Number of protein chains: 4
Amino acid sequence: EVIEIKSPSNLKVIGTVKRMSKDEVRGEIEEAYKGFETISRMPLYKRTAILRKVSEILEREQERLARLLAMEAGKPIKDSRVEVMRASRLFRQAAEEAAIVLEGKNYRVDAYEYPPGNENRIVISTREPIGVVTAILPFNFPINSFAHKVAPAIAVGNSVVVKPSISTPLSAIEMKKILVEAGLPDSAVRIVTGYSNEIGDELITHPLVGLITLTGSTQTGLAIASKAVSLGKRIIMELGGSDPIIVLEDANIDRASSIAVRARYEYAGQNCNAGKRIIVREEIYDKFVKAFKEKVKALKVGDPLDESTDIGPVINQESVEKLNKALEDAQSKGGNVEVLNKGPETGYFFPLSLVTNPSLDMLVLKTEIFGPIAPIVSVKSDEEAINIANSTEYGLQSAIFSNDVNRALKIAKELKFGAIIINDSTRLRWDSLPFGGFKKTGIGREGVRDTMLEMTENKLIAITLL
Amino acid sequence: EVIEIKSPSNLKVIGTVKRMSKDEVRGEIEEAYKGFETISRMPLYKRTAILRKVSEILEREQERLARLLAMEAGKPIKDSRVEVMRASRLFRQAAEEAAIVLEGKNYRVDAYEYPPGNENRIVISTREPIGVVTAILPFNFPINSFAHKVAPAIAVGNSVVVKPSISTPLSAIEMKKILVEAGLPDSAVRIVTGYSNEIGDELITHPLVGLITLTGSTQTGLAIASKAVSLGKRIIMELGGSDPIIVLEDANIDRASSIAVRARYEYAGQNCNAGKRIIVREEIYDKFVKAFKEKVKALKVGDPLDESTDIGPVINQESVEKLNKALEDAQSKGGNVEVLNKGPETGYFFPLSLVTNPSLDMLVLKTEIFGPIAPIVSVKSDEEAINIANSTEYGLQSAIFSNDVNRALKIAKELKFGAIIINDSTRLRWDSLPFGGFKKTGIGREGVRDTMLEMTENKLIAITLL
Amino acid sequence: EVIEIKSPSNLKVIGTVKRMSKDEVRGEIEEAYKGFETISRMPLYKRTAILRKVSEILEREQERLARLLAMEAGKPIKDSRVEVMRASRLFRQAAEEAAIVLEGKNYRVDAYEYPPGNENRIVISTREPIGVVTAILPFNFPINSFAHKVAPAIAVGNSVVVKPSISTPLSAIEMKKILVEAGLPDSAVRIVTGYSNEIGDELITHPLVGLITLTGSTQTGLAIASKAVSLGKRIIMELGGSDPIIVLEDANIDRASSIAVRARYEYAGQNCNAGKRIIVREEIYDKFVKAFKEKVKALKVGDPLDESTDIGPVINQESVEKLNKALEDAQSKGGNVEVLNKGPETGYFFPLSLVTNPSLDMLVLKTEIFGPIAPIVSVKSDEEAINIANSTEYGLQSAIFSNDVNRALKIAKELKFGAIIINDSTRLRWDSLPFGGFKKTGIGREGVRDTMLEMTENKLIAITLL
Amino acid sequence: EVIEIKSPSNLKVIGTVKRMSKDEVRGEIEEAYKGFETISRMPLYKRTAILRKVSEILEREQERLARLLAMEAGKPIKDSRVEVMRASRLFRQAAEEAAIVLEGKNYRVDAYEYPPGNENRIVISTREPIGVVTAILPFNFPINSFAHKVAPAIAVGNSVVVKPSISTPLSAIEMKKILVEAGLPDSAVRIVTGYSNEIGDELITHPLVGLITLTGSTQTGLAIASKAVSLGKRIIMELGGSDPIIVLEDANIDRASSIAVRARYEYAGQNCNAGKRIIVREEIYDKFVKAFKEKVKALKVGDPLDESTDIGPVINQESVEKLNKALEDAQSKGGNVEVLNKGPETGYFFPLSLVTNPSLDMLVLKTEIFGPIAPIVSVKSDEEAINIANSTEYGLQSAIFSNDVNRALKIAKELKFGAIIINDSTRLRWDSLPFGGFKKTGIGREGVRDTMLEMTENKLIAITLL
Ligand SMILES: Nc1ncnc2c1ncn2[C@@H]1O[C@H](COP(=O)(O)OP(=O)(O)OC[C@H]2OC[C@H](O)[C@@H]2O)[C@@H](O)[C@H]1OP(=O)(O)O
Ligand SMILES: Nc1ncnc2c1ncn2[C@@H]1O[C@H](COP(=O)(O)OP(=O)(O)OC[C@H]2OC[C@H](O)[C@@H]2O)[C@@H](O)[C@H]1OP(=O)(O)O
Ligand SMILES: Nc1ncnc2c1ncn2[C@@H]1O[C@H](COP(=O)(O)OP(=O)(O)O)[C@@H](O)[C@H]1OP(=O)(O)O
Ligand SMILES: Nc1ncnc2c1ncn2[C@@H]1O[C@H](COP(=O)(O)OP(=O)(O)O)[C@@H](O)[C@H]1OP(=O)(O)O
Ligand code: NA
Ligand code: NA
Ligand code: NA
Ligand code: NA
């Protein structure tokens, strides 16, 4: 009847959520449809007024929401603060950008001979809401993935059924209360909690669901997307990354090693755009690896509520097990695994780990490692840096470190990624800008402007003047 | 081994095409991948010079391509000429608009606090080709659906594997020779012919296929889309419609009935945006229905190659049987089926037919009728017009006839369609503008501008200036 | 040494401002240049944070600023409230729209064969601030014209020297204090007060002034613009209107007469887009004129601080004199002048007045009447409605009243105005949208989006990759 | 009465043109107004078909038009061919881009509270032609400045009165016959020839002239602009530049000196964006200056019609005298004037000359030198490079040579220019892209896209739905 939510730090019970049946989730979708009929009939200015009010509340509750993220998600408080502050600015940017993002066209159809009589026509476009959006959240950004999916949906007039990860659902429940305090109709966003195997399918198959937006793994996402699309439903998918960091021989080693450490091990490596594969020109390999090792041993692994904590635990036992499979696989294939930093024995603390002499047939170079394992590969050439970088089924983001920007811009043309970052982190994202990638990183882009267009239908009106 | 192509007018043999095996189609996708590697490395001005040359060749070969359409597709020569002129114009519009449509951004990232240090960044976007496109064409616009899929793909640097309908593949083989004459590398577009059930699956599941664009039936499309998306491939779908024409009591009756007749019966009704359901205000019902019948009986049904033919045959026996079943279903459910006009008995001529007293349980009101059957419904109010109009699983285009545009524009707001046409045909399309709609009418939009965006990936480059 | 500001309602002294010398204004411009060096180096996000803070303060001070407008400008409190609330929303829209409005391009220069080698180039654009803006305000919107000129200038990084009308300078002084409270650097906006004949020229000719934005009369504006442009300075000019209201025989007479009364006599007619010339089809002339007369006699002319006041005085004796010249001119040429409504004898109350049988050689039909004089012209045809409407050197906005929107859209193609309003007021303006006109209405457009582009220089950066 | 056109190469008579009176130019503006009334009523697809035909004729007549440019303008045939190909491409780009550039908006007015009732409004924008354009052409690009002014004007529906430079009017008379051959009405473009001081003022002040677009000198332009704006006419101005080339210590010296030579001396230096001031880092000064001199002495100065000529004459005696005065001024102020290369003594050949040890008081550093005189300055730092670069009243384009793009991009931020070129020539222009700059370099931008917007008026239509 309820599910217990435990801190991955100390396994203490943080709160509980309803264990929903298929039937109760069917009811939440029918209620979200009525919420669509309400919110879609409100003028845009009242909807953006609600979004600006949510923005201000999120700033006022920053510290409370950050502590909650630290407890359920194991995200160090300093990183938890940043996520809540991004969600605040995202809700505001959705308010601010709606007028221009949703703006239609008056087409110059007299430019075209077909159909005949275009000189007597007015043809305009508008962006219409789709209806009910199913939003399936990842565990790792429970407040900011909420904002990415819900802020745009409200701006355009859609309702949302939100299914947070059962690992981190309490954030989503507190976000709903903030939406109601901001003046959002109770029916316009419905939180559903439960096990994926009981409530997953109804959220994807119900005839009243117009669209499914999902952040999660490639395996889980592509199956769900396939089902959604089979019933004529629209899909936005932000799936895995194995983002490479390329360090060229003319790199600033101090900067590149500092940013690599932070990019790989922030939130114990549980980022879609963490620096997951490190590719270093042989000329600087030993200097880079020594600087990297020093910086990883200097991090504080411990309680995420502590101000001095750099790194917390991974989310659960399932993740610990997957990460051990990965370290075993790598030792069994000639990899040099080194444990660099160990946290308390209280929960799901995973040792900050380095793999040297990795090979392309290892789990650490061919799958998404959502944990604090840094594989570092030596290369001889830019060409070999490019091939190893592209050698994954992923294509989210990639970083190049070089004092030679002309050279980095030329390598960037040959990297198959949705973003290339020159002299900065794979972790960089702008919540208003396109985010996403090529290949199996997902489908569409997610960001306030692109999400609003992906969440609306273009509608033309053509008048023939008589 | 070959497949015989027969005219639906007189059943005579027009030509043959290779019955390709799975292994031969595998070869074509491999060669198309080499075509991608070639075409993607040419500068855009060279690709656009190829597209302007195709445009000029299409204009020069117009009468020869029009006659071939008439013979394989049964499309009257007058409508065949219009189709080849549209494809001419589309190839040119892809050349002309590519510079502006593919234009990227220089983002004002210094407007945003996150990530910190945006005042020191340049973030630019470019549109990158996806790679190999699988284009699955419908029978009803063999040349213009070719143009809609191939011209944007060449503009953006994708290669294409083209599977025409086995009913109308001869057009596509003639389009390939025109591409080669225009200077396109032979590897850059590959025509596959054969049975949908022997070569369909390779074209959807081959690892080298990045995207599937398809025009066809809802059931066919959604199954293909489902499979493609399960493998991480992008999809553009233009599936059916059941476009309603709403005729209000204050319409111009002569104009509304003339356009409603052309809208339903053009190409024997085989158009995604045919006027498939006609909703008439009871005040003018008798006058409209009477004007409608006189004009249907004035249409000439006959041989597509005769200059005085208005209406040719339907495409094959399978269609005749689907269309009898819709007629029989209407008779049995209280519908009055009246035949108005009958062409020769020599192939797949289907009588131009009218159904009065239809009901929402009938096939002629709840499915796409891809043939010359016009159901006419009487309504008392605009509210009733809107509820019948919206009652389908489709959402392509709708028309409203009314001398009152103010009322037409308010009704427009409540119609769930990709386009609403005020005082003109459901048939209207602007080949550069979005075409498509809501619900199971498809995924995405198809037009020179929209197809180019859907056929490219956004790629960010972010420089942090040191 | 000081200039006294008097209420046009009761001539009571409301406040005083410095009588500035050429020398002191030279000093204000040199200080605004230093303000440019400061504000242009602040990141955009801090500038938009200042603009959002100004937005909130203007809401908090709405009633105080509205009373001040009522006292110095003679604007009834209810209209004064609306102006302050528009200035609030304008300062916010400038904050909200900057990121997207200022966004540059990444040009697809490989679309072009010239110059040769475009396949090896990156070409981007950015919007740069111009430097120091001279802003010359009208008397009639002292707070909202302030916002139109200052909010965009701050968003883009320009400094502003603001010269309010000597009729209404106290508003501008209170706006500066609100800018400082919001965190704007003291040097970034300088208020100058004085007589045009002492300080006018320095504000237009100083070498440090990059741009002049002016709302005012055509005669004053075109002289200033000529001087600015002679020294290579940019210009935005919002000058006069004589906006026509066209009432067709199928108009809603009740609505058209109500909106005409309000459009002509709001703020005693002192609006650039007041309904200044009324054009009525003869078939409804007597019904319209009787409805108009009734509604004008029912208005309350009196103290603008009173809640029940509809109409206040004109601004000064100079205006009273110009309006008498106009009424004398019209009586002397066969016009039927009728006084409909008289206010107190305390100040510059001008009688609400109607002229019937006007002719095209009268001041009331050929010049801007910035006072409560309504000329009404009878016409026989749409063609005569169009010729009389276009028969002025102005082209700001024009309104058509008709239940036939198809007909009004066709008349709209032949009206030489920057905006045509169908079934609504000439007074309509959207502060984010283009506002302005053809002919001698001015130069450029004024609105948050267009003003930001007019206040920035496009800058290209072209990199040839080596 | 006629004016003799003489070749600046050998002073021989190339042709004659009418010496038009004020009364004859009055007639031409009247006929152009009738041309506006005709061309503005044609649908856009017809006007664009005329522009694509002009493009094809220019390509066919390329060698004949190139030879005429060589003879009247003294422009070497190799550079003349490039000019006629650019104009060919520009006419085509005006045809191709008109549909998207002129596209209006459907504003989301329901995002705004003011005016009340925006939820019931449709507000659309269109681009309307202004009417008659006066195009005043410079001598140095007689055919491409024609294209830049006439092709956008025809695309948007304006008529044009074209006053070519009396030095190079024969090209424009040949362009008119091509327009007529393309199908343009004869009334739609009117060539005026005569003395600037007899017909200049009618072309600027006639009441039927809506806009003046001019390429020429700063002093000429600003006086004309001043007059036009005093009468309420719109203005586009492209006036001088003194583009600096900055060459950093880590530049490719061979490339920087080759491009710097071409940049300064192409067409004897008579380009708005010539490399007019060359700023070299003291570390490479001696090596650059030496490579520079060898390449200048390798250039062939001679007859424009010879295929091996690199550099022809300057345009007339007035130019030779302006250029001697700049030389004499430099000698007297401590400058070392070295002649490097001398063409024939047969017309207006001017020696290719170099000035070392220049000073900021010299004409060769504070004015536009429209001839083959290259001042080279030594600098110690980037800070000094930037201050010299920015020291002019001009702001057209600047170039930076550097293998370090990161440093090139940071310097780019501090240069006050309309475009900065990294590792390429100041000569670069993209005829579709903005061209122009800051300060007294002009008003507005000139390119297919920008010129079309500057040559149209925004017109809003706002419907309130009853
Ligand atoms: N069958 C089914 N039906 C419906 N919903 C389902 C289903 N299976 C899983 N889910 C939910 O999808 C979400 C993502 O889960 P997962 O793929 O494990 O991703 P993570 O949360 O681990 O995040 C990893 C990704 O985030 C960032 C990057 O994209 C990484 O690859 C989460 O809310 C899951 O619920 P559950 O309650 O958690 O099981
Ligand atoms: N020579 C000179 N130099 C500098 N500044 C000068 C000069 N002459 C006037 N002005 C100022 O221009 C502004 C507009 O004045 P005006 O043209 O009388 O317009 P109104 O204020 O009456 O507003 C009418 C217009 O507003 C709306 C519509 O566009 C109407 O036509 C005002 O601040 C004037 O100062 P001053 O102190 O007021 O004399
Ligand atoms: N399983 C499958 N795999 C691939 N293509 C398929 C397919 N089923 C159908 N198609 C193609 O899908 C396209 C559209 O068929 P359709 O029946 O959905 O629509 P239509 O009648 O409008 O052409 C055709 O090219 C069809 O091939 P055939 O016409 O030769 O049958
Ligand atoms: N007062 C005036 N009125 C109109 N046009 C004028 C003018 N003064 C100069 N022009 C024109 O302005 C154009 C540019 O002249 P310019 O000396 O400013 O520049 P350039 O040397 O680059 O051609 C020419 O067409 C010139 O006519 P002439 O070349 O026949 O002299
Ligand atoms: Na990746
Ligand atoms: Na439909
Ligand atoms: Na007007
Ligand atoms: Na310059």
# chains A, B, ... in the order shown; residues from 1 in each chain; ligands from 1

$ closest_atom_pairs --of "chain B" --to "chain A" --cutoff "8 Å" --atoms "only C-alpha atoms" --output "CSV"
residue,atom,partner,partner_atom,distance
B:86,CA,A:114,CA,7.3
B:109,CA,A:430,CA,7.8
B:112,CA,A:430,CA,7.9
B:114,CA,A:430,CA,6.8
B:115,CA,A:428,CA,6.4
B:210,CA,A:439,CA,7.9
B:222,CA,A:230,CA,5.0
B:223,CA,A:230,CA,5.9
B:225,CA,A:229,CA,6.5
B:226,CA,A:226,CA,4.5
B:227,CA,A:226,CA,6.6
B:228,CA,A:226,CA,7.9
B:229,CA,A:226,CA,5.5
B:230,CA,A:222,CA,4.9
B:231,CA,A:222,CA,7.0
B:232,CA,A:440,CA,5.3
B:233,CA,A:439,CA,7.5
B:234,CA,A:443,CA,7.1
B:412,CA,A:461,CA,7.5
B:417,CA,A:459,CA,6.8
B:418,CA,A:459,CA,4.6
B:419,CA,A:460,CA,4.3
B:420,CA,A:461,CA,5.0
B:421,CA,A:462,CA,4.8
B:422,CA,A:463,CA,4.6
B:423,CA,A:464,CA,5.7
B:424,CA,A:464,CA,6.3
B:428,CA,A:115,CA,6.4
B:429,CA,A:115,CA,7.0
B:430,CA,A:114,CA,6.8
B:434,CA,A:458,CA,7.7
B:437,CA,A:457,CA,7.3
B:438,CA,A:457,CA,7.0
B:439,CA,A:232,CA,6.4
B:440,CA,A:232,CA,5.1
B:442,CA,A:232,CA,7.1
B:443,CA,A:234,CA,7.0
B:457,CA,A:438,CA,7.0
B:458,CA,A:418,CA,6.4
B:459,CA,A:418,CA,4.6
B:460,CA,A:419,CA,4.4
B:461,CA,A:420,CA,4.9
B:462,CA,A:421,CA,4.8
B:463,CA,A:422,CA,4.7
B:464,CA,A:423,CA,5.7
B:465,CA,A:423,CA,7.9

$ select_by_dssp --residues "segment 105-221 of chain B" --states "strand (DSSP E or B)" --output "MDAnalysis selection string"
chainID B and resid 105:106 121:129 132:136 159:163 189:191 209:215

$ write_last_selection --atoms "C-alpha atoms" --output "compact mmCIF listing (two decimals), in the first residue's frame"
# COMPACT_ATOMS: atom_id res chain seq x y z
CA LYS B 105 22.51 30.19 -34.14
CA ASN B 106 25.10 32.20 -32.16
CA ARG B 121 31.78 31.38 -24.10
CA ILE B 122 30.83 31.25 -27.81
CA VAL B 123 28.03 28.64 -28.41
CA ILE B 124 27.06 28.06 -32.08
CA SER B 125 24.70 25.52 -33.72
CA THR B 126 24.87 23.79 -37.15
CA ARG B 127 22.51 21.31 -38.87
CA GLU B 128 24.32 18.00 -39.58
CA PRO B 129 23.05 15.28 -41.94
CA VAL B 132 21.14 7.11 -44.86
CA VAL B 133 17.37 7.82 -45.24
CA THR B 134 14.89 5.00 -46.12
CA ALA B 135 12.09 6.66 -48.17
CA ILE B 136 8.97 4.41 -48.53
CA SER B 159 21.88 9.60 -49.08
CA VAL B 160 18.48 7.89 -49.80
CA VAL B 161 17.28 4.31 -50.33
CA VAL B 162 13.89 4.71 -52.14
CA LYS B 163 11.27 1.90 -52.02
CA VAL B 189 20.18 7.52 -54.25
CA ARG B 190 19.34 3.78 -54.65
CA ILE B 191 15.98 2.56 -56.02
CA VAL B 209 19.78 3.39 -41.81
CA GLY B 210 19.53 6.63 -39.71
CA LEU B 211 15.95 7.71 -40.61
CA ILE B 212 12.69 6.39 -42.15
CA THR B 213 10.32 8.80 -43.92
CA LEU B 214 7.03 7.20 -45.04
CA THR B 215 3.74 8.21 -46.67

$ residues_near_ligand --ligand "ligand 3" --cutoff "8 Å" --atoms "only C-alpha atoms and all ligand atoms" --output "compact mmCIF listing (two decimals) with C-alpha atoms, in the first residue's frame"
# COMPACT_ATOMS: atom_id res chain seq x y z
CA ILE B 136 8.97 4.41 -48.53
CA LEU B 137 6.68 6.04 -51.12
CA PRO B 138 2.90 5.75 -51.59
CA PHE B 139 1.30 4.87 -54.97
CA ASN B 140 -0.81 8.04 -55.27
CA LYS B 163 11.27 1.90 -52.02
CA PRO B 164 8.44 3.00 -54.33
CA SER B 165 5.03 1.28 -54.09
CA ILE B 166 5.18 -1.96 -56.19
CA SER B 167 1.96 -0.53 -57.88
CA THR B 168 3.90 2.57 -59.23
CA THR B 193 11.91 -2.66 -56.02
CA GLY B 194 10.22 -5.85 -54.81
CA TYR B 195 7.51 -7.26 -52.48
CA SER B 196 6.93 -5.29 -49.22
CA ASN B 197 7.08 -8.62 -47.25
CA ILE B 199 12.51 -6.34 -48.54
CA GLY B 200 10.43 -4.13 -46.14
CA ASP B 201 12.25 -5.29 -42.97
CA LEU B 203 15.10 -1.18 -45.16
CA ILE B 204 13.77 -0.51 -41.58
CA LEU B 214 7.03 7.20 -45.04
CA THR B 215 3.74 8.21 -46.67
CA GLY B 216 1.08 5.42 -46.48
CA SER B 217 -1.80 3.92 -44.41
CA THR B 218 -2.03 4.41 -40.58
CA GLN B 219 -1.75 0.59 -39.83
CA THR B 220 1.34 0.13 -42.15
CA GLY B 221 3.08 3.36 -40.93
CA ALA B 223 4.03 -0.77 -37.30
CA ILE B 224 7.09 0.40 -39.34
CA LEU B 239 -0.43 8.65 -42.80
CA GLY B 240 -4.17 8.94 -43.65
CA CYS B 272 -4.59 11.88 -48.11

$ residues_near_ligand --ligand "ligand 5" --cutoff "6 Å" --atoms "only C-alpha atoms and all ligand atoms" --output "PDB file with N, CA, C and O atoms, in the first residue's frame"
ATOM      1  N   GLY A 241      24.527   8.617 -22.193  1.00  0.00           N
ATOM      2  CA  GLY A 241      25.778   9.071 -22.817  1.00  0.00           C
ATOM      3  C   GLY A 241      26.969   8.301 -22.275  1.00  0.00           C
ATOM      4  O   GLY A 241      26.897   7.788 -21.134  1.00  0.00           O
ATOM      5  N   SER A 242      28.016   8.187 -23.087  1.00  0.00           N
ATOM      6  CA  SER A 242      29.402   7.882 -22.647  1.00  0.00           C
ATOM      7  C   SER A 242      30.304   8.977 -23.204  1.00  0.00           C
ATOM      8  O   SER A 242      31.133   8.670 -24.046  1.00  0.00           O
ATOM      9  N   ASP A 243      30.124  10.216 -22.751  1.00  0.00           N
ATOM     10  CA  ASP A 243      30.824  11.416 -23.291  1.00  0.00           C
ATOM     11  C   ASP A 243      32.335  11.282 -23.134  1.00  0.00           C
ATOM     12  O   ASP A 243      32.842  11.107 -22.027  1.00  0.00           O
ATOM     13  N   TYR A 394      26.620   5.819 -28.364  1.00  0.00           N
ATOM     14  CA  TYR A 394      26.163   7.112 -27.783  1.00  0.00           C
ATOM     15  C   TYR A 394      26.697   8.286 -28.609  1.00  0.00           C
ATOM     16  O   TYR A 394      27.612   8.101 -29.447  1.00  0.00           O
ATOM     17  N   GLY A 395      26.109   9.467 -28.407  1.00  0.00           N
ATOM     18  CA  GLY A 395      26.540  10.713 -29.080  1.00  0.00           C
ATOM     19  C   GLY A 395      25.952  11.945 -28.425  1.00  0.00           C
ATOM     20  O   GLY A 395      25.282  12.749 -29.092  1.00  0.00           O
ATOM     21  N   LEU A 396      26.088  12.064 -27.126  1.00  0.00           N
ATOM     22  CA  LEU A 396      25.470  13.187 -26.408  1.00  0.00           C
ATOM     23  C   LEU A 396      26.392  14.403 -26.490  1.00  0.00           C
ATOM     24  O   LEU A 396      26.095  15.307 -27.264  1.00  0.00           O
ATOM     25  N   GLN A 397      27.482  14.435 -25.726  1.00  0.00           N
ATOM     26  CA  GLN A 397      28.398  15.600 -25.713  1.00  0.00           C
ATOM     27  C   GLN A 397      29.826  15.066 -25.692  1.00  0.00           C
ATOM     28  O   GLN A 397      30.025  13.908 -25.331  1.00  0.00           O
TER      29      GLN A 397
END

$ atom_distance --atom1 "atom CA of residue 401 of chain B" --atom2 "atom CA of residue 426 of chain B"
11.0 Å

$ atom_distance --atom1 "atom CA of residue 263 of chain B" --atom2 "atom CA of residue 296 of chain B"
11.4 Å

$ residues_around --residues "residue 186 of chain A" --least-positions-apart "3" --cutoff "12 Å" --atoms "only C-alpha atoms" --output "VMD selection string"
chain A and resid 28 31 to 36 38 to 39 159 to 161 176 to 183 189 to 191

$ residues_around --residues "residue 295 of chain C" --least-positions-apart "5" --cutoff "8 Å" --atoms "only C-alpha atoms" --output "PDB file with C-alpha atoms, in the first residue's frame"
ATOM      1  CA  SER C 257     -19.674  54.722 -31.731  1.00  0.00           C
ATOM      2  CA  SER C 258     -18.501  53.683 -28.183  1.00  0.00           C
ATOM      3  CA  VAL C 261     -15.776  58.230 -28.629  1.00  0.00           C
TER       4      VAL C 261
END

$ select_by_dssp --residues "segment 231-384 of chain D" --states "helix (DSSP H, G or I)" --output "PyMOL selection string"
chain D and resi 253-269+282-298+317-332+363-366+382-384

$ write_last_selection --atoms "C-alpha atoms" --output "compact mmCIF listing (two decimals), in the first residue's frame"
# COMPACT_ATOMS: atom_id res chain seq x y z
CA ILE D 253 53.76 35.46 -42.72
CA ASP D 254 53.60 34.16 -46.34
CA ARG D 255 49.75 34.01 -46.21
CA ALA D 256 49.32 37.33 -44.25
CA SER D 257 51.53 39.28 -46.75
CA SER D 258 50.02 37.68 -49.88
CA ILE D 259 46.43 38.52 -48.71
CA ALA D 260 47.51 41.99 -47.38
CA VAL D 261 48.92 42.84 -50.88
CA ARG D 262 45.73 41.65 -52.74
CA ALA D 263 43.54 43.37 -50.08
CA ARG D 264 45.27 46.81 -50.56
CA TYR D 265 46.01 46.83 -54.31
CA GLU D 266 43.06 44.88 -55.88
CA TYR D 267 41.46 47.35 -58.38
CA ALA D 268 44.27 49.86 -57.51
CA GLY D 269 42.94 49.94 -53.89
CA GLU D 282 57.37 44.55 -34.25
CA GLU D 283 58.72 40.92 -33.87
CA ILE D 284 57.87 40.16 -37.60
CA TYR D 285 57.78 43.76 -38.99
CA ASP D 286 61.07 43.42 -40.98
CA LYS D 287 60.15 39.92 -42.33
CA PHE D 288 56.51 41.00 -43.22
CA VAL D 289 57.51 44.37 -44.82
CA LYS D 290 60.17 42.46 -46.88
CA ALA D 291 57.72 39.72 -48.07
CA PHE D 292 55.13 42.53 -48.72
CA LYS D 293 57.52 44.54 -51.01
CA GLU D 294 58.64 41.45 -53.03
CA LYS D 295 54.95 40.55 -53.78
CA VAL D 296 53.93 44.22 -54.63
CA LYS D 297 56.89 44.36 -57.15
CA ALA D 298 55.74 40.98 -58.66
CA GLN D 317 42.54 62.89 -62.53
CA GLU D 318 40.68 64.08 -59.37
CA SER D 319 41.73 60.73 -57.72
CA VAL D 320 45.42 61.03 -58.84
CA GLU D 321 45.48 64.57 -57.22
CA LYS D 322 43.73 63.41 -53.98
CA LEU D 323 46.39 60.56 -53.82
CA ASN D 324 49.44 62.86 -54.50
CA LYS D 325 48.17 65.19 -51.68
CA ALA D 326 48.11 62.11 -49.29
CA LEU D 327 51.69 61.20 -50.43
CA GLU D 328 52.97 64.85 -50.05
CA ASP D 329 51.23 65.08 -46.59
CA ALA D 330 53.03 61.86 -45.46
CA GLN D 331 56.54 63.04 -46.71
CA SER D 332 56.13 66.37 -44.79
CA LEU D 363 45.99 61.58 -44.19
CA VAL D 364 47.09 57.92 -44.98
CA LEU D 365 45.96 56.99 -41.36
CA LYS D 366 42.99 59.37 -40.61
CA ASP D 382 47.66 43.56 -29.12
CA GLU D 383 46.38 46.47 -26.92
CA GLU D 384 48.26 48.93 -29.27

$ residues_around --residues "residue 376 of chain D" --least-positions-apart "5" --cutoff "8 Å" --atoms "only C-alpha atoms" --output "list in words"
residues 277, 278, 279, 280, 289, 354, 355, 356, 357 and 358 of chain D
